[PDB]
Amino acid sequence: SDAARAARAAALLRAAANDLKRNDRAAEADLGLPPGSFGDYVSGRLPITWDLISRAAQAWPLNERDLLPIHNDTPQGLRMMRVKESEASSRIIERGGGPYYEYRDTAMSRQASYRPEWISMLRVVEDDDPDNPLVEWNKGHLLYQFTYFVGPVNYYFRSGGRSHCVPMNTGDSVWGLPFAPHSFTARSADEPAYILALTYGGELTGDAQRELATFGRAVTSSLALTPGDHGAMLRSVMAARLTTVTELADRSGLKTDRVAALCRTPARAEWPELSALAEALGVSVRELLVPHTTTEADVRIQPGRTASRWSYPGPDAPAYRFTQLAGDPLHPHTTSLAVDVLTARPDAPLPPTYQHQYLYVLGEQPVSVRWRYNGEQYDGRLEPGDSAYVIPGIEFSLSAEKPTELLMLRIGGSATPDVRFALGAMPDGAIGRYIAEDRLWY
């Protein structure tokens, strides 16, 4: 595992040198390495130190970040975390003079952006007033949040200077935007009241944050695009091409008056207009479409009672019953589900998805999991309160001796649609070298 990570780091060093058109001799000269030695660092015979990575960021126009791999802590492609481990991670935090939350980690991975916490509400309120002084608010946090409610939990949320309180119960859920302040209390001291607060990051975190942080606040603010504003998207692509209204009109076959009008409205153009504009701009129609959001006051609440329900693979012989939980079209790759596992057999493999997956066993019976990864088959059993992390691409099935429920949150990773289409365009054999460069570029 450490040797595999070292190999990944060595491949990144060769890739960086190849990309800078530095062959072995040129890289040794730039990095102050002994003549003839570069192959020993690229092959793994010599370790790549933080000293060398720091020297490379000074000698070359790259960052220390560009030479570091990430860790693989999910070697079987799925990993379970046990209740005992979650309880050992316990943190109690006081707010307003008394204990307010108990936090427990659930299944996480260095390969994924999940930060999923079990959190019990320790503050009990006697009304649903958002301005109740017993409520201790947070400041909001960068990560998106999907929250699943168990018991009589009150959800408090703030946006544009107004505080709201929506009472929840078991099976309700909410999806929420970055930096939206919120809080949770219990309406009763008599029954369990807790949440699965499954926060996660996506594209905002990682490379985008590092880059935008160097540009500064003004440049970053100026790159923002408001959801649903198609005219702004069109203006942005026009600016990226350095085209003009009359030139785009001439190339697309649209009237100049129409192109100007489309630049000034959030409503999308008609489909034939979008196709003509896209071709004139050298982009797919995909790039002129802007997602809408369903959020209001920066959250989208899904009542469990009215949530969509369906059976898999179908009602004639159902293995699972799914309930659709809260999400948002700003994050089309986030799927949240309550899963009733009905089958006692391993006869219903779920289709592999490009998403990361997180599982948490809500029901009273254990769930047996069977999965495949890199030519091996594995099996395991999640007890109630156990959780699991699954990398993209894994085929697994679930079963239980009696019907039982689990919570499933699936999120997009860094392999976005654009990445996946780039992978699809690569010539045969190239994906291997993309994963781990193994040679000088000539």
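Numbers for residues come from their place in the sequence shown, where the first is 1.
Residue range whose averaged C-alpha B-factor is higher in the record, 132-140 or 317-325: Taking the mean C-alpha B-factor of 317-325 and of 132-140, the larger value falls to 132-140.
Using the B-factors recorded in the PDB entry, average over the C-alpha atoms of 16-24 and of 429-437, then report which stretch comes out higher. The stretch with the larger average C-alpha B-factor is 429-437.
Compare the CA B factors listed in the entry for 116, 304, 332, 228 and report the winner. Within the set 116, 304, 332, 228, 228 shows the top C-alpha B-factor.
Among 77, 349, 99, 171, where is the Cα B factor highest in this entry? That would be 99, according to the entry.
When the modelled residues of the chain are sorted by Cα temperature factor, does residue 85 land in the lowest, middle or highest third? Highest third - that is where residue 85 ends up once the chain's C-alpha B-factors are sorted.
Determine, from the deposited record, the chain-internal third of the Cα B-factor for residue 64: lowest, middle or highest. Bottom third by C-alpha B-factor.
CA B-factor ranking of residue 50, expressed as a third of its chain: Answer is highest: the recorded C-alpha B-factor places it there.
Pull the Cα B-factor of residue 413 out of the PDB entry and bin it into the chain's lowest, middle or highest third. Residue 413: CA B-factor falls in the middle third of its chain.
Can you tell me which third, lowest, middle or highest, the CA B-factor of residue 106 falls into for its chain? Lowest third.
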